[PDB]
Asks: 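Shown below is the structure under consideration.
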Amino acid sequence: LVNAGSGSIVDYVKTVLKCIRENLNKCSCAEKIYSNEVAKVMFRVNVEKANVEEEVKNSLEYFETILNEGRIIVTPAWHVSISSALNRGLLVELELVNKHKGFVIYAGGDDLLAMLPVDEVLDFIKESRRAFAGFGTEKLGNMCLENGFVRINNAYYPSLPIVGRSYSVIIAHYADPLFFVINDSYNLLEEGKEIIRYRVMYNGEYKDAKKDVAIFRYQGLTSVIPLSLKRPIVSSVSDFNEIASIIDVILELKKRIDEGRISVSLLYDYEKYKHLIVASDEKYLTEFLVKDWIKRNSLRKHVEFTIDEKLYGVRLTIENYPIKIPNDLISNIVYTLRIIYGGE
RNA sequence: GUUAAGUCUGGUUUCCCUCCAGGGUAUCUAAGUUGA
Ligand SMILES: [Mn+2]
């Protein structure tokens, strides 16, 4: 609310909110806020009438309703803005799919149902989840998304940088019956997003979180990759890059495994380090531990690719479902690698 | 006062090692699922 204003008006609204703060008063704090509103009407030369009695009371009553109910009161402009941004993000994702040799079955606004090669699925997931939040570097036709908005030749249309987004991936044999393939895709993307909890901190406190993940499945293997690790998934221009940050790590690691700098034994050798590292309790200890686990399959001479130290302590939970999952994000990273390869 | 004649023995006994140091340091592994 206080940020929604542009101009000296923000002072009035935040001091009203302070009058709403801690059940402070009505009919009483309507002076401090008013000794500025009347100041403002006297700050001009042609004002006609003021019923500040009614007006500041209604202005406080608005925010009081907002907070008591607990939701921004929706007006038609809200709906048409969300829907327009939905369609524009859809236009972005249409050429994001086409950027990765994909075939759209249904891409409409919020959702998506495409078919891509098993090779560029991770790239597409990353770039799509970022473009949904208006954060990208490509021109996608006539549309050049810019850090939370959608620039279209000087037109800055909004985006959905607050809305999370889940992702299901089914690595399927071309002879697999599409009935069960589509049903498994839908049932993962439904069950899992409601049923999984992964560690997140907002306000500096390790809490849980449910949506905005990426589930993978390969004929029995499953993995989940959290996409935000922040509950106001972005609130600054800073956190725009944090989106899908775990995915570029998996992409880099797959970039090392292919070129023959790491051996796929990496994907079968993390279990022994996992006991040590999840009971481990210091940062740089676990840092060196993963560095040397990789440095038994080697990544490089004079190692250069470490895991970015935000990935540890992240524990993924599940509400006791047949979907078995490792309780930690790095084991899920390596299962995502197993699932991607298993389809190549 | 005088005569003669030398004869016996032919190195023993102790101590033969004592004390400390009995490994130290560095490396502790690196580099690397595909087809029906
Ligand atoms: Mn649903």
Side-chain angles (χ1 to χ4, degrees), chain A residues 100-103 114-126 167-182 184-185 188 192 213-225 246-309 311-312 316 322-344:
Chain A
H100 305 80
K101 316 155 178 43
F103 168 66
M115 272 188 300
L116 326 179
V118 291
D119 295 332
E120 48 212 359
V121 51
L122 274 193
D123 292 325
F124 169 81
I125 283 176
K126 177 255 300 175
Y167 266 88
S168 180
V169 181
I170 297 273
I171 304 296
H173 191 285
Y174 76 87
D176 273 337
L178 281 174
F179 174 90
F180 293 80
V181 170
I182 298 299
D184 295 335
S185 180
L188 268 67
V213 289
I215 303 94
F216 300 77
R217 179 167 297 288
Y218 173 61
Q219 74 155 307
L221 288 170
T222 309
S223 66
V224 185
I225 295 311
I246 300 104
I247 289 291
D248 83 351
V249 163
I250 309 187
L251 285 165
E252 195 168 11
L253 195 160
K254 190 183 171 286
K255 184 156 66 68
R256 273 95 158 104
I257 289 190
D258 296 354
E259 288 186 294
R261 306 199 288 289
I262 314 194
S263 184
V264 287
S265 185
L266 189 71
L267 308 179
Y268 312 90
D269 195 72
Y270 187 67
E271 170 76 358
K272 53 166 49 192
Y273 291 81
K274 185 262 289 181
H275 300 294
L276 207 64
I277 198 174
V278 309
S280 300
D281 308 315
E282 306 175 354
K283 186 51 66 71
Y284 74 105
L285 182 144
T286 61
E287 186 182 4
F288 295 171
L289 193 62
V290 285
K291 173 172 142 308
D292 266 14
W293 158 66
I294 294 171
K295 276 168 52 163
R296 303 214 71 184
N297 316 287
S298 74
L299 182 154
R300 206 73 77 155
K301 269 68 70 177
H302 65 80
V303 72
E304 52 86 34
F305 160 81
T306 57
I307 297 170
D308 208 90
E309 91 202 5
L311 282 297
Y312 321 125
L316 286 87
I323 292 180
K324 283 308 158 202
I325 288 296
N327 277 27
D328 43 352
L329 183 40
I330 300 94
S331 179
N332 277 81
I333 279 178
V334 303
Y335 277 64
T336 296
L337 285 150
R338 282 183 67 191
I339 277 170
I340 288 312
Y341 278 147
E344 287 169 356

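Chain identifiers are assigned alphabetically (A, B, ...) following the order of the sequence lines, protein sequences preceding nucleic acid strands; residue numbering begins at 1 within each chain.
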Asks: So what does A:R296 hit on the nucleic acid, given a heavy-atom distance under 4.0 Å: a base, only sugar-phosphate, or nothing?
Replies: base
Asks: RNA chain B: A:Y341 or A:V303, which has the more 5' nearest nucleotide?
Replies: A:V303
Asks: Measuring from atom CD1 of A:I294 to atom CZ of A:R261, what distance do you get when rounded to the nearest 0.5 angstrom?
Replies: 12.0 Å
Asks: Could you tell me the separation between the CD1 atom of A:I339 and the P atom of B:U34, rounded to a whole number of Å?
Replies: 13 Å
Asks: Whole angstrom is fine here: how far is it from CZ in A:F305 over to P in B:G32?
Replies: 14 Å
Asks: The sugar of B:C16: north or south, by the sign of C1'-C2'-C3'-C4'?
Replies: south
Asks: Quick one: label A:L266 by what it contacts on the DNA or RNA (base, sugar-phosphate, nothing), any heavy atom closer than 4.0 Å.
Replies: nothing
Asks: Check every atom of B:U33, B:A30, B:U34 against the side chain of A:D292 and return the nucleotide holding the closest atom.
Replies: B:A30
Asks: Working to the nearest 0.5 angstrom, can you tell me the gap between A:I215 CD1 and A:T336 OG1?
Replies: 10.5 Å
Asks: To the closest 0.5 Å, what do you measure between CZ (A:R338) and OH (A:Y268)?
Replies: 5.5 Å
Asks: When the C1'-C2'-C3'-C4' sign is the only test used, does the sugar of B:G23 come out north or south?
Replies: north
Asks: Applying a 4.0 Å non-hydrogen cut-off, can you work out what A:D258 is touching in the nucleic acid: base, sugar-phosphate, or nothing?
Replies: nothing
